[PDB]
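Novice: My structure is stored as target.txt, with compact mmCIF, C-alpha atoms and all ligand atoms.
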# COMPACT_ATOMS: atom_id res chain seq x y z
CA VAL D 1 0.00 0.00 0.00
CA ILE D 2 1.35 3.37 -1.04
CA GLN D 3 0.78 5.97 1.57
CA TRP D 4 -0.20 9.15 -0.18
CA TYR D 5 0.32 12.50 1.55
CA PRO D 6 0.75 15.88 -0.14
CA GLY D 7 4.55 15.78 -0.20
CA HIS D 8 4.67 12.29 -1.66
CA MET D 9 2.16 13.37 -4.29
CA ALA D 10 4.34 16.30 -5.34
CA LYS D 11 7.43 14.09 -5.42
CA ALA D 12 5.60 11.57 -7.61
CA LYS D 13 4.39 14.21 -10.05
CA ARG D 14 7.83 15.77 -10.27
CA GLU D 15 9.58 12.43 -10.78
CA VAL D 16 7.11 11.20 -13.42
CA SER D 17 7.42 14.40 -15.47
CA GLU D 18 11.21 13.94 -15.20
CA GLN D 19 10.97 10.37 -16.54
CA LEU D 20 8.67 11.56 -19.31
CA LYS D 21 11.35 13.89 -20.60
CA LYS D 22 13.29 10.79 -21.67
CA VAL D 23 10.58 9.21 -23.88
CA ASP D 24 8.78 9.58 -27.24
CA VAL D 25 5.60 7.86 -26.16
CA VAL D 26 3.89 7.13 -22.85
CA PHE D 27 1.82 4.03 -22.11
CA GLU D 28 -0.99 5.05 -19.73
CA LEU D 29 -2.07 1.81 -18.09
CA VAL D 30 -5.65 1.55 -16.86
CA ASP D 31 -7.91 -1.17 -15.51
CA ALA D 32 -10.21 -2.49 -18.22
CA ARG D 33 -12.88 -2.98 -15.53
CA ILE D 34 -12.77 0.78 -14.94
CA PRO D 35 -10.97 2.45 -17.86
CA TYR D 36 -11.92 5.93 -16.72
CA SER D 37 -12.10 5.60 -12.91
CA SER D 38 -8.68 3.91 -12.63
CA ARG D 39 -6.91 6.99 -14.08
CA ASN D 40 -4.85 9.52 -12.18
CA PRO D 41 -6.85 12.76 -11.79
CA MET D 42 -3.97 14.87 -13.13
CA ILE D 43 -2.80 12.46 -15.79
CA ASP D 44 -3.23 14.94 -18.63
CA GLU D 45 -1.28 17.66 -16.83
CA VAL D 46 1.56 15.21 -16.24
CA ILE D 47 1.61 13.74 -19.76
CA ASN D 48 1.14 17.14 -21.45
CA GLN D 49 0.32 16.05 -25.03
CA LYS D 50 3.05 13.39 -25.25
CA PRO D 51 2.01 10.74 -27.82
CA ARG D 52 -0.11 8.31 -25.82
CA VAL D 53 -1.01 4.61 -25.95
CA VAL D 54 -3.79 3.83 -23.46
CA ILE D 55 -3.55 0.23 -22.41
CA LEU D 56 -6.71 -1.29 -20.97
CA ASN D 57 -5.18 -4.06 -18.90
CA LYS D 58 -6.94 -7.07 -17.30
CA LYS D 59 -9.29 -7.34 -20.28
CA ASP D 60 -9.82 -10.96 -19.16
CA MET D 61 -11.81 -9.61 -16.25
CA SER D 62 -13.93 -7.00 -18.08
CA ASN D 63 -16.77 -6.59 -20.60
CA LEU D 64 -15.57 -6.13 -24.17
CA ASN D 65 -18.53 -4.18 -25.33
CA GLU D 66 -18.35 -1.59 -22.57
CA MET D 67 -14.57 -1.44 -23.03
CA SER D 68 -15.08 -0.69 -26.69
CA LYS D 69 -17.11 2.38 -25.67
CA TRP D 70 -14.18 3.59 -23.60
CA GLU D 71 -11.79 2.83 -26.44
CA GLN D 72 -13.90 5.08 -28.67
CA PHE D 73 -13.60 7.75 -25.98
CA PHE D 74 -9.79 7.52 -25.95
CA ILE D 75 -9.69 7.54 -29.77
CA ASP D 76 -11.76 10.72 -29.82
CA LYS D 77 -9.18 12.30 -27.52
CA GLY D 78 -6.37 11.48 -29.95
CA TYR D 79 -4.91 8.56 -28.02
CA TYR D 80 -4.22 5.05 -29.22
CA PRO D 81 -6.10 2.49 -27.07
CA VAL D 82 -5.37 -1.24 -26.88
CA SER D 83 -6.56 -3.95 -24.54
CA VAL D 84 -4.33 -6.64 -23.11
CA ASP D 85 -4.17 -9.35 -20.50
CA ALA D 86 -0.71 -8.70 -19.08
CA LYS D 87 -0.78 -11.68 -16.75
CA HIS D 88 -1.73 -14.42 -19.20
CA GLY D 89 0.13 -12.91 -22.15
CA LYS D 90 -2.82 -12.13 -24.38
CA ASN D 91 -2.54 -9.61 -27.25
CA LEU D 92 0.85 -8.15 -26.31
CA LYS D 93 2.64 -7.45 -29.59
CA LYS D 94 -0.12 -4.89 -30.24
CA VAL D 95 1.69 -2.61 -27.76
CA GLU D 96 4.78 -1.90 -29.93
CA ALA D 97 2.40 -1.61 -32.88
CA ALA D 98 0.41 1.09 -31.11
CA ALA D 99 3.55 2.93 -30.12
CA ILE D 100 4.65 2.92 -33.75
CA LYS D 101 1.34 4.42 -34.75
CA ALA D 102 1.38 6.98 -31.94
CA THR D 103 4.81 8.33 -32.84
CA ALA D 104 4.50 8.05 -36.63
CA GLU D 105 4.04 11.79 -37.18
CA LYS D 106 6.95 12.75 -34.89
CA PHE D 107 9.32 10.43 -36.74
CA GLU D 108 8.15 11.61 -40.18
CA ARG D 109 9.07 15.08 -39.02
CA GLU D 110 12.44 13.80 -37.75
CA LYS D 111 13.10 12.07 -41.06
CA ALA D 112 12.31 15.29 -42.95
CA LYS D 113 14.73 17.21 -40.71
CA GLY D 114 17.50 14.85 -41.80
CA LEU D 115 17.70 12.58 -38.75
CA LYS D 116 18.37 8.85 -38.86
CA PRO D 117 15.78 6.26 -37.84
CA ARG D 118 16.03 5.16 -34.21
CA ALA D 119 14.28 3.06 -31.56
CA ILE D 120 11.06 4.42 -30.05
CA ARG D 121 11.52 5.19 -26.34
CA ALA D 122 8.59 4.49 -23.99
CA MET D 123 7.54 4.34 -20.37
CA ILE D 124 4.49 3.08 -18.46
CA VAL D 125 2.55 5.33 -16.03
CA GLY D 126 -0.58 4.69 -13.97
CA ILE D 127 -2.13 4.24 -10.52
CA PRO D 128 -1.08 1.36 -8.26
CA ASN D 129 -2.32 -2.23 -8.90
CA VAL D 130 -3.33 -1.77 -12.57
CA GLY D 131 -0.58 -4.16 -13.72
CA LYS D 132 2.46 -2.01 -14.50
CA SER D 133 5.16 -4.31 -13.11
CA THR D 134 3.35 -7.35 -14.55
CA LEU D 135 3.33 -5.72 -18.00
CA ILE D 136 6.98 -4.66 -17.80
CA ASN D 137 7.98 -8.17 -16.75
CA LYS D 138 5.92 -9.72 -19.56
CA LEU D 139 7.37 -7.41 -22.22
CA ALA D 140 10.86 -7.97 -20.88
CA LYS D 141 10.49 -11.77 -20.66
CA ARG D 142 12.33 -11.52 -17.30
CA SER D 143 11.58 -10.41 -13.73
CA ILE D 144 12.50 -6.74 -13.42
CA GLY D 145 18.72 -2.76 -5.68
CA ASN D 146 19.64 -6.18 -4.36
CA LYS D 147 21.95 -5.27 -1.50
CA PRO D 148 20.27 -3.36 1.38
CA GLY D 149 22.35 -0.20 1.01
CA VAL D 150 21.93 -0.09 -2.72
CA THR D 151 19.38 1.78 -4.85
CA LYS D 152 18.07 0.44 -8.17
CA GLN D 153 19.12 2.54 -11.14
CA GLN D 154 16.69 2.89 -14.04
CA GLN D 155 17.49 1.02 -17.25
CA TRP D 156 16.13 0.55 -20.76
CA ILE D 157 14.70 -2.80 -21.84
CA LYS D 158 14.77 -3.86 -25.44
CA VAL D 159 11.25 -4.88 -26.41
CA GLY D 160 10.13 -6.27 -29.75
CA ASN D 161 12.12 -5.04 -32.71
CA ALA D 162 12.14 -1.26 -32.43
CA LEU D 163 11.07 -0.53 -28.83
CA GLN D 164 13.05 0.70 -25.84
CA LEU D 165 11.02 0.61 -22.65
CA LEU D 166 11.98 2.27 -19.35
CA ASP D 167 12.21 -0.59 -16.83
CA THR D 168 10.66 1.50 -14.05
CA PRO D 169 7.02 2.63 -14.09
CA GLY D 170 5.73 6.07 -13.17
CA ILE D 171 3.38 5.59 -10.22
CA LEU D 172 0.66 8.21 -9.69
CA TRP D 173 -2.25 8.43 -7.24
CA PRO D 174 -5.86 7.34 -7.80
CA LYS D 175 -8.93 9.58 -7.87
CA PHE D 176 -9.85 10.53 -4.29
CA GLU D 177 -12.64 13.07 -4.32
CA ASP D 178 -15.75 11.21 -5.52
CA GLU D 179 -17.41 8.61 -3.31
CA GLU D 180 -18.73 6.49 -6.20
CA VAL D 181 -15.28 6.41 -7.78
CA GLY D 182 -13.95 5.28 -4.40
CA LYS D 183 -16.46 2.43 -4.36
CA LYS D 184 -15.45 1.35 -7.87
CA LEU D 185 -11.78 1.44 -6.94
CA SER D 186 -12.52 -0.68 -3.88
CA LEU D 187 -14.62 -3.16 -5.92
CA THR D 188 -11.73 -3.78 -8.30
CA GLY D 189 -9.13 -4.12 -5.56
CA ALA D 190 -7.33 -1.00 -6.81
CA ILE D 191 -7.48 0.32 -3.28
CA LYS D 192 -8.10 -1.67 -0.08
CA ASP D 193 -8.80 0.47 2.99
CA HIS D 194 -16.87 1.52 4.23
CA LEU D 195 -17.03 -2.11 3.12
CA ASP D 196 -20.80 -2.53 3.59
CA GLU D 197 -21.49 0.38 1.22
CA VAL D 198 -19.00 -1.08 -1.28
CA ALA D 199 -20.88 -4.40 -1.17
CA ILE D 200 -24.22 -2.58 -1.54
CA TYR D 201 -22.86 -0.74 -4.57
CA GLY D 202 -21.59 -3.99 -6.10
CA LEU D 203 -24.88 -5.75 -5.46
CA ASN D 204 -26.95 -2.94 -6.96
CA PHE D 205 -24.63 -2.92 -9.97
CA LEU D 206 -25.22 -6.65 -10.51
CA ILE D 207 -29.00 -6.37 -9.93
CA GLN D 208 -29.22 -3.63 -12.52
CA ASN D 209 -26.81 -5.16 -15.05
CA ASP D 210 -26.67 -8.97 -14.74
CA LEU D 211 -29.50 -10.04 -12.47
CA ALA D 212 -29.89 -13.60 -13.78
CA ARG D 213 -26.17 -14.21 -13.39
CA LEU D 214 -26.13 -12.98 -9.79
CA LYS D 215 -29.09 -15.23 -9.04
CA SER D 216 -27.50 -18.25 -10.72
CA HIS D 217 -24.16 -17.66 -8.98
CA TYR D 218 -25.55 -17.70 -5.46
CA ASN D 219 -28.47 -19.97 -6.38
CA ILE D 220 -31.00 -17.53 -4.92
CA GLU D 221 -34.29 -15.85 -5.83
CA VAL D 222 -35.19 -12.52 -4.25
CA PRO D 223 -38.40 -10.44 -4.43
CA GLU D 224 -38.05 -7.58 -6.91
CA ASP D 225 -39.51 -5.09 -4.42
CA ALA D 226 -37.13 -6.12 -1.63
CA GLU D 227 -34.56 -3.66 -0.27
CA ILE D 228 -30.89 -4.60 -0.51
CA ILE D 229 -30.79 -6.16 2.97
CA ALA D 230 -32.89 -9.04 1.61
CA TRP D 231 -30.16 -9.82 -0.91
CA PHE D 232 -27.64 -9.93 1.93
CA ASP D 233 -30.01 -12.20 3.86
CA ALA D 234 -30.68 -14.50 0.90
CA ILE D 235 -26.98 -14.96 0.25
CA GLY D 236 -26.14 -15.49 3.93
CA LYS D 237 -28.94 -18.04 4.35
CA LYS D 238 -28.11 -19.97 1.18
CA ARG D 239 -24.39 -20.21 2.00
CA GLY D 240 -25.02 -20.73 5.70
CA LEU D 241 -23.06 -17.71 6.88
CA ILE D 242 -24.94 -17.75 10.17
CA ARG D 243 -24.22 -16.47 13.68
CA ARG D 244 -25.65 -16.94 17.21
CA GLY D 245 -28.54 -19.15 16.13
CA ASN D 246 -29.85 -18.19 12.74
CA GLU D 247 -28.90 -14.52 12.55
CA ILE D 248 -27.09 -13.53 9.37
CA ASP D 249 -23.32 -13.11 9.61
CA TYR D 250 -23.30 -9.82 7.68
CA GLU D 251 -19.57 -9.06 7.76
CA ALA D 252 -18.92 -12.53 6.31
CA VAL D 253 -21.54 -11.96 3.58
CA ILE D 254 -20.11 -8.53 2.75
CA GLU D 255 -16.64 -10.08 2.57
CA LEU D 256 -17.87 -12.87 0.28
CA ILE D 257 -19.59 -10.46 -2.10
CA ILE D 258 -16.55 -8.20 -2.30
CA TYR D 259 -14.30 -11.21 -2.92
CA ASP D 260 -16.58 -12.60 -5.63
CA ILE D 261 -16.71 -9.24 -7.42
CA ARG D 262 -12.98 -8.41 -7.09
CA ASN D 263 -12.02 -11.83 -8.45
CA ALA D 264 -14.52 -12.05 -11.30
CA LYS D 265 -16.23 -15.07 -9.72
CA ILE D 266 -19.67 -13.90 -10.87
CA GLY D 267 -18.77 -12.48 -14.26
CA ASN D 268 -16.56 -10.13 -16.26
CA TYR D 269 -17.77 -6.57 -15.83
CA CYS D 270 -16.85 -3.01 -16.66
CA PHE D 271 -18.11 -0.89 -13.77
CA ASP D 272 -17.60 2.32 -15.70
CA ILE D 273 -20.86 2.53 -17.65
CA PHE D 274 -20.18 5.10 -20.37
CA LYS D 275 -23.79 6.18 -20.92
CA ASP D 276 -24.24 6.79 -17.17
CA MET D 277 -21.14 8.96 -16.82
CA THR D 278 -21.96 11.67 -19.33
CA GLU D 279 -22.10 14.43 -16.68
CA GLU D 280 -18.79 13.49 -15.06
CA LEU D 281 -17.27 13.46 -18.56
CA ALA D 282 -18.76 16.86 -19.33
CA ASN D 283 -17.25 18.10 -16.08
CA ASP D 284 -13.77 16.75 -16.74
CA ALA D 285 -13.60 18.10 -20.30
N1 LIG Y 1 -6.32 -11.28 -14.25
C1 LIG Y 1 -5.28 -10.36 -14.53
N2 LIG Y 1 -4.53 -9.94 -13.52
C2 LIG Y 1 -3.52 -9.07 -13.71
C3 LIG Y 1 -3.29 -8.59 -15.07
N3 LIG Y 1 -2.12 -7.66 -14.91
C4 LIG Y 1 -1.85 -7.71 -13.56
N4 LIG Y 1 -2.64 -8.49 -13.02
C5 LIG Y 1 -2.60 -8.72 -11.61
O1 LIG Y 1 -2.95 -7.49 -10.91
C6 LIG Y 1 -2.18 -7.40 -9.68
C7 LIG Y 1 -1.38 -6.12 -9.63
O2 LIG Y 1 -0.43 -6.16 -10.70
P1 LIG Y 1 0.89 -5.27 -10.57
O3 LIG Y 1 1.77 -5.64 -11.72
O4 LIG Y 1 1.66 -5.68 -9.36
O5 LIG Y 1 0.39 -3.75 -10.56
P2 LIG Y 1 1.25 -2.42 -10.33
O6 LIG Y 1 2.64 -2.65 -10.74
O7 LIG Y 1 0.68 -1.39 -11.26
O8 LIG Y 1 1.16 -1.90 -8.84
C8 LIG Y 1 -1.29 -8.59 -9.68
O9 LIG Y 1 -1.94 -9.59 -8.88
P3 LIG Y 1 -1.59 -9.79 -7.31
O10 LIG Y 1 -2.44 -8.96 -6.41
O11 LIG Y 1 -0.23 -9.34 -6.98
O12 LIG Y 1 -1.77 -11.39 -7.01
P4 LIG Y 1 -2.69 -12.32 -7.96
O13 LIG Y 1 -4.08 -11.80 -8.02
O14 LIG Y 1 -2.04 -12.44 -9.42
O15 LIG Y 1 -2.89 -13.66 -7.34
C9 LIG Y 1 -1.26 -9.05 -11.09
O16 LIG Y 1 -1.06 -10.45 -11.16
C10 LIG Y 1 -4.12 -9.06 -16.09
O17 LIG Y 1 -3.98 -8.68 -17.24
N5 LIG Y 1 -5.10 -9.94 -15.80
I'd like the structure from this file rewritten - as structure tokens, please.
Ligand SMILES: Nc1nc2c(ncn2[C@@H]2O[C@H](COP(=O)(O)OP(=O)(O)O)[C@@H](OP(=O)(O)OP(=O)(O)O)[C@H]2O)c(=O)[nH]1
Specialist:
Amino acid sequence: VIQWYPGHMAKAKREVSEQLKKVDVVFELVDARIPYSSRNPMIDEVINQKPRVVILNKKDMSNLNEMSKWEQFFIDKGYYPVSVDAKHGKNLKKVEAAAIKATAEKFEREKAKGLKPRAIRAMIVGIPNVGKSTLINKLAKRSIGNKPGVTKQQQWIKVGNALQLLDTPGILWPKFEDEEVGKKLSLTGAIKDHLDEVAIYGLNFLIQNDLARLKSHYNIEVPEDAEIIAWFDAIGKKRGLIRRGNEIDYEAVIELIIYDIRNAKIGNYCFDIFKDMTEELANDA
């Protein structure tokens, strides 16, 4: 867990801008389950119009259709979005490809100014737990100081044919200010720090978006006019999470729901629903 505090935030912003000076293209890594909510709130300030590949990681845990709506969003902003599964090695060569496309104009201008062709230089930036070290390791085909006194120095990794990748990610902070965004971040395991309200949010999401699947997963049936407590009760009763007679063990039920959602045990969802976020988008623009 990264402890954020104002000083550490300033140090992170400063350091990431410094790293960005060294590169032609930046890979902004986001969670495919929340392509918009898993972004740093000042990411655009930090990146400052640098050619950008947006990588929607953990696509194996998300909804492709909703993802494709976010990809359209990133395209409309002039970025180059791709989706990958960094852990299981799915769709990876598309990264270099995207970088080539994102820097094409820059290198045409370089070529016209007489310069030789060279390797594209890149780095990865994003909030914690979105898969940055996983992706670096997978691109490097190795596990990226050893002695206690000794600090790691940053190095380039040769990736694919024409790509040089900084071996150290830029780590920035998650969105803090909106309560719903906080619940989404908690539901994806992006942050881990009110759990009952997180479980309520996750339940309501599933009721509204995949009701039959939720029912099938816990093998329950719940009155459509019931309040959310009845879903907690149905789940607790069916799985026998019981306390002091036949009272429902709510903290156990809450924990089970959060686990099942975080680990894609019920289904593969994108919690950022594009059509529902139009106002927040209007605000951020
Ligand atoms: N399903 C899936 N998972 C991914 C993908 N990329 C990363 N992960 C997982 O997400 C977790 C965080 O990845 P990191 O690589 O450490 O993220 P970070 O550097 O940005 O802080 C890791 O799991 P962990 O918490 O360390 O343990 P575990 O869940 O792998 O058991 C990692 O295995 C992906 O594409 N698909």
Novice: Quick one: distance from atom CA of residue D:171 to atom CA of residue D:5 in Å, one decimal?
Specialist: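 If I compute the distance from atom CA of residue D:171 to atom CA of residue D:5, I get 14.0 Å.
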Novice: If we count only C-alpha atoms, what is near residue D:134 at a cut-off of 12 Å, once residues fewer than 4 positions away on the same chain are taken out, given as a ChimeraX atom specification?
Specialist: /D:29,57-58,84-89,124,128-130,138-144,167-169
Novice: Could you write out the selected residues, including C-alpha atoms, as a compact mmCIF listing (two decimals), in the frame of the given file?
Specialist:
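The result, stored in part10.txt:
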# COMPACT_ATOMS: atom_id res chain seq x y z
CA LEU D 29 -2.07 1.81 -18.09
CA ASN D 57 -5.18 -4.06 -18.90
CA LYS D 58 -6.94 -7.07 -17.30
CA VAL D 84 -4.33 -6.64 -23.11
CA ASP D 85 -4.17 -9.35 -20.50
CA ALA D 86 -0.71 -8.70 -19.08
CA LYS D 87 -0.78 -11.68 -16.75
CA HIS D 88 -1.73 -14.42 -19.20
CA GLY D 89 0.13 -12.91 -22.15
CA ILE D 124 4.49 3.08 -18.46
CA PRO D 128 -1.08 1.36 -8.26
CA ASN D 129 -2.32 -2.23 -8.90
CA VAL D 130 -3.33 -1.77 -12.57
CA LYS D 138 5.92 -9.72 -19.56
CA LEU D 139 7.37 -7.41 -22.22
CA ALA D 140 10.86 -7.97 -20.88
CA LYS D 141 10.49 -11.77 -20.66
CA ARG D 142 12.33 -11.52 -17.30
CA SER D 143 11.58 -10.41 -13.73
CA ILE D 144 12.50 -6.74 -13.42
CA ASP D 167 12.21 -0.59 -16.83
CA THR D 168 10.66 1.50 -14.05
CA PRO D 169 7.02 2.63 -14.09
Novice: Considering all atoms listed in the file, return as a ChimeraX atom specification whatever protein or nucleic-acid residues lie within 10 Å of residue D:215, sequence-local ones (same chain, fewer than 5 positions apart) excluded.
Specialist: /D:206-207,210,220-222,231,235,266
Novice: Draw an axis-aligned box over all listed atoms of ligand LIG 1 (chain Y), pad each side with 6 Å, and write its centre and edge lengths in Å, one decimal, as AutoDock Vina command-line options.
Specialist:
--center_x -1.8 --center_y -7.5 --center_z -11.8 --size_x 21.0 --size_y 24.3 --size_z 22.8
Novice: What gap, in Å, lies between atom CA of residue D:164 and atom CA of residue D:135?
Specialist: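 If I compute the distance from atom CA of residue D:164 to atom CA of residue D:135, I get 14.0 Å.
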Novice: Would you mind telling me which residue in D:55, D:65, D:248, D:78 lies nearest to residue D:91 when using only C-alpha atoms?
Specialist: D:55
Novice: Could you work out how far atom CA of residue D:11 lies from atom CA of residue D:187, giving the answer in Å with one decimal?
Specialist: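 A separation of 28.0 Å between them.
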Novice: Using all atoms listed in the file, which protein or nucleic acid residues come within 10 Å of residue D:260? Drop anything in the same chain fewer than 5 positions from it, and give the result as an MDAnalysis selection string.
Specialist: chainID D and resid 187 202 217 254:255 265:267
Novice: Using only C-alpha atoms for the distances, tell me which of D:200, D:257, D:252, D:195 is nearest to residue D:229.
Specialist: D:200
Novice: Find the residue from D:233, D:22, D:80, D:162 that sits nearest to residue D:117; use all atoms listed in the file when measuring.
Specialist: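 Among the listed residues, the smallest separation from residue D:117 belongs to D:162.
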Novice: Once you've located stretch 52-64 of chain D in the structure I gave, write it as a CSV table (one decimal), in the first residue's frame, keeping N, CA, C and O atoms.
Specialist:
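Below is the file selection.csv, written as the result:
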chain,number,residue,atom,x,y,z
D,52,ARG,N,0.4,9.1,-26.9
D,52,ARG,CA,-0.1,8.3,-25.8
D,52,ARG,C,-0.8,7.0,-26.3
D,52,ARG,O,-1.7,7.1,-27.1
D,53,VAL,N,-0.3,5.9,-25.8
D,53,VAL,CA,-1.0,4.6,-26.0
D,53,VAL,C,-1.7,4.4,-24.6
D,53,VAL,O,-1.1,4.3,-23.6
D,54,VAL,N,-3.1,4.2,-24.7
D,54,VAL,CA,-3.8,3.8,-23.5
D,54,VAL,C,-4.0,2.3,-23.5
D,54,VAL,O,-4.6,1.8,-24.4
D,55,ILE,N,-3.5,1.7,-22.5
D,55,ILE,CA,-3.5,0.2,-22.4
D,55,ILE,C,-4.6,-0.1,-21.4
D,55,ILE,O,-4.4,0.2,-20.2
D,56,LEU,N,-5.6,-0.8,-21.8
D,56,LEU,CA,-6.7,-1.3,-21.0
D,56,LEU,C,-6.3,-2.7,-20.6
D,56,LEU,O,-6.4,-3.6,-21.3
D,57,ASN,N,-5.7,-2.8,-19.4
D,57,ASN,CA,-5.2,-4.1,-18.9
D,57,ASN,C,-6.3,-4.8,-18.1
D,57,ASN,O,-7.3,-4.3,-17.7
D,58,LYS,N,-6.0,-6.1,-18.0
D,58,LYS,CA,-6.9,-7.1,-17.3
D,58,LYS,C,-8.2,-7.2,-18.1
D,58,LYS,O,-9.3,-7.4,-17.5
D,59,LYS,N,-8.1,-7.2,-19.4
D,59,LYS,CA,-9.3,-7.3,-20.3
D,59,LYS,C,-10.0,-8.7,-20.0
D,59,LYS,O,-11.1,-8.8,-20.4
D,60,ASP,N,-9.2,-9.6,-19.5
D,60,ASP,CA,-9.8,-11.0,-19.2
D,60,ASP,C,-10.9,-10.9,-18.0
D,60,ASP,O,-11.7,-11.8,-17.9
D,61,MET,N,-10.9,-9.8,-17.3
D,61,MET,CA,-11.8,-9.6,-16.2
D,61,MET,C,-12.9,-8.6,-16.5
D,61,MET,O,-13.7,-8.3,-15.7
D,62,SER,N,-13.0,-8.0,-17.7
D,62,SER,CA,-13.9,-7.0,-18.1
D,62,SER,C,-14.9,-7.4,-19.2
D,62,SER,O,-14.8,-8.5,-19.7
D,63,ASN,N,-15.8,-6.4,-19.6
D,63,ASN,CA,-16.8,-6.6,-20.6
D,63,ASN,C,-16.3,-5.9,-21.9
D,63,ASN,O,-16.2,-4.8,-21.9
D,64,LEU,N,-16.1,-6.7,-22.9
D,64,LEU,CA,-15.6,-6.1,-24.2
D,64,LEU,C,-16.4,-5.1,-24.8
D,64,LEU,O,-15.9,-4.2,-25.4
